[PDB]
Peer 1: 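Would you mind keeping the following structure in view while I ask a few things?
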Amino acid sequence: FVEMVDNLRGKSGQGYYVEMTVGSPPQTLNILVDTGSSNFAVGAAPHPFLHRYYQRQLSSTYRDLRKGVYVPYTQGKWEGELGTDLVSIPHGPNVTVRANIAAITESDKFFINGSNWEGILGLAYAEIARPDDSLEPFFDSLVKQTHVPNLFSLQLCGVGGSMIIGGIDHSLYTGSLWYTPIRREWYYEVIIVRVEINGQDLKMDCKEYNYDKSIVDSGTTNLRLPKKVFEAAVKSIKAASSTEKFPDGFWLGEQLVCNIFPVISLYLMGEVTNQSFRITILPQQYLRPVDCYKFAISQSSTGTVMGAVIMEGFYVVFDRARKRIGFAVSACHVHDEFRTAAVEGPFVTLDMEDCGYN
Ligand SMILES: C[C@@]1(c2ccc(F)cc2F)C[C@@H](c2cncnc2)SC(N)=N1
């Protein structure tokens with residue numbers, strides 16, 4: 001796995017990407033690593049924002065599926081033509097697989113002006129693949145066609161990081177891994193059972209923490225929280241940080257600001273009945289440099305999203321083989337001399353199954 005260390009790059013707020021090759025002869029592309037979606041989709045036309053794009057005409061191994069796909073998001077969209085081709089990861093396992101590829105032929109608010117990636121690698125499950133679950137996601141193809149173990153891990157450093165494909169590199173973390181069950185294989189869905197701001201329980205019905213889901217998503221920058229939870233969390237963060245006052249717009253991410261800030265703890269459902277563990281992040285994770293900073297915790301209508309704000313504190317193991325996600329303190333996380341991100345257990349937490357939304 002030495003070869004896979006430091007195989008991720010990016011720019012702040014623009015996501016983390018890995019080098020891949022598609023086609024025969026191989027075409028090199030930079031591809032966003034996204035645990036929050038399930039399609040392998042790449043620019044296939046000369047959009048002006050793109051450094052490079054997939055040219056199917058140059059690939060002898062390209063196969064047309066003769067189906068199109070339209071993928072709208074809340075703001076923006078991509079549309080593409082489905083096919084298959086041979087795909088490798090130069091700084092990954094020494095293998096080539098035949099994968100589904102959506103050739104992107106038009107988009108809006110999808111590619112970023114100024115970024116260095118030109119496609120997305122959806123690492124989540126078939127249930128959320130577009131157009132439907134018959135379109136086998138890349139990782140499912142990789143595990144089917146090779147001996148690569150059904151696991152990957154991510155160390156996102158606040159940019160660079162590591163995607164260890166088929167394993168765990170113990171040099172990337174300190175202490176022990178602690179595992180939370182994947183509730184359902186669609187998104188990487190998890191259950192949050194308790195929330196603390198500076199060790200102070202938010203005291204909410206834990207179902208609210210997971211309304212309507214809680215997910216782990218490398219393709220999202222922020223820690224996104226259900227609005228009822230966000231309102232409560234902001235109230236507590238405001239109170240803990242009242243040495244200095246800030247405009248109300250800052251907490252809503254409508255404006256920037258230029259030890260006063262509390263830690264944030266999320267208790268996650270453990271592996272055993274009535275057992276949990278907690279992960280703890282610092283302001284160094286949730287106040288993001290733009291010295292100007294954006295408040296990178298925001299409300300959601302789609303549930304909790306544990307984006308880069310959470311993942312940058314931790315080495316995160318997507319243990320698909322055992323339907324569980326592991327967290328350990330990241331050897332690269334940004335901290336200071338007084339506080340560090342933490343993963344701690346075990347704790348006693350009752351009625352954890354009541355926390356999941358149905
Ligand atoms: C595919 C997606 C995504 C990530 C990064 C990006 F640069 C462009 C993207 F399209 C969709 C994003 C999204 C936007 N709006 C409503 N829902 C999801 S979040 C995610 N993890 N992956």
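Positions are given from 1, in the same order as the sequence printed here. All values below come from the heavy atoms of this structure, side chains included, with hydrogens, waters and symmetry mates left out.
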Peer 1: Does the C292 SG fall under 2.5 Å from that of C258?
Peer 2: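 No disulfide here.
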Peer 1: For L58, which fellow cluster members are found when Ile, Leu, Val, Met, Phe, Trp and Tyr are connected by side-chain heavy-atom distances below 4.5 angstrom, either directly or through intermediates?
Peer 2: none
Peer 1: Run the side chain to side chain donor-acceptor pair (under 3.5 Å) test against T180 and tell me which residues pass, sequence neighbours left out.
Peer 2: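 Applying side chain to side chain donor-acceptor pair (under 3.5 Å) to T180 gives none.
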Peer 1: If a pair satisfies side-chain hydrogen bond (donor to acceptor under 3.5 Å, both in side chains) and one of its residues is in residues 25-34, list it, with sequence neighbours excluded.
Peer 2: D34-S37
Peer 1: Which residue pairs pass the salt bridge (charged side-chain N to carboxylate O under 4.0 Å, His left out) test when at least one of the two sits in residues 347-358, sequence neighbours left out?
Peer 2: none
Peer 1: What residues form a side chain to side chain donor-acceptor pair (under 3.5 Å) with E185, not counting sequence neighbours?
Peer 2: none
Peer 1: Under the side chain to side chain donor-acceptor pair (under 3.5 Å) rule, collect the residues that match up with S171, sequence neighbours excluded.
Peer 2: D169
Peer 1: Mind jotting down which residue pairs meet the salt bridge (charged side-chain N to carboxylate O under 4.0 Å, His left out) criterion with at least one end in residues 295-313? Sequence neighbours excluded, please.
Peer 2: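 Found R288-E312.
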Peer 1: Suppose we screen for side chain to side chain donor-acceptor pair (under 3.5 Å). Which residues come up paired with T21, at least two apart in sequence or across chains?
Peer 2: none
Peer 1: Would you mind listing every salt bridge (charged side-chain N to carboxylate O under 4.0 Å, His left out) that reaches into residues 272-283, with sequence neighbours excluded?
Peer 2: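 Residue pairs with at least one partner in residues 272-283: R278-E344.
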Peer 1: How does the hydrophobic cluster around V305 look, that is, which other residues are in it when side-chain heavy atoms under 4.5 Å mark a link?
Peer 2: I128, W186, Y187, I215
Peer 1: Who else is in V348's hydrophobic cluster (ILVMFWY, side-chain heavy atoms under 4.5 Å, direct or via others)?
Peer 2: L350
Peer 1: Scan for salt bridge (charged side-chain N to carboxylate O under 4.0 Å, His left out) pairs involving residues 111-120, sequence neighbours excluded, and state none if there are none.
Peer 2: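 The answer is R52-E118.
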